[PDB]
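First comes the structure, then the notes that go with it.
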Amino acid sequence: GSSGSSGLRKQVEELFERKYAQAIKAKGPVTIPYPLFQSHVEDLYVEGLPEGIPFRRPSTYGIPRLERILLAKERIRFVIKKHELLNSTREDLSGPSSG
């Protein structure tokens with residue numbers, strides 16, 4: 001039972017952020033606001049997703065569900081209609097360093 005080194009979730013986790021970061025040309029690790037997006041799904045929403053797989057924490061999706069998301073990565077896309085909507089919320093991350 002060894003996990004960590006390369007994992008679907010991680011793959012998606014990095015992907016999700018990646019796409020998002022791309023939408024903001026971010027060469028760094030960014031966080032995806034589930035609320036800001038949930039409260040504003042008419043502005044902030046993920047696209048290119050496969051069928052039967054919405055835009056939610058990849059820490060829930062099934063092993064097979066993730067794979068697809070990775071297979072749709074080519075299509076996957078993050079539309080940031082409202083940018084400001086993002087800004088303002090708490091500011092400052094503060095925590096450990098991941099890379």
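Residue numbering: from 1, along the chain as shown.
Using the three backbone atoms N, Cα and C, a Cβ is placed for every residue, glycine included.
Lifted from the PDB entry, the feature list:
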SEQADV    1-7  cloning artifact
SEQADV    94-99  cloning artifact
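Here's what Swiss-Prot has on this protein:
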CROSSLNK  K27  SUMO2 cross-link
MOD_RES   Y45  phosphotyrosine
MOD_RES   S59  phosphoserine
CROSSLNK  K82  SUMO2 cross-link
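Features per Swiss-Prot, on structure.
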| residue | record | Cβ contacts under 8 Å, 6 or more apart |
| --- | --- | --- |
| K27 | SUMO2 cross-link | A21 |
| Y45 | phosphotyrosine | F37, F55, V79, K81 |
| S59 | phosphoserine | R9, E13 |
| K82 | SUMO2 cross-link | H40, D43, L44 |
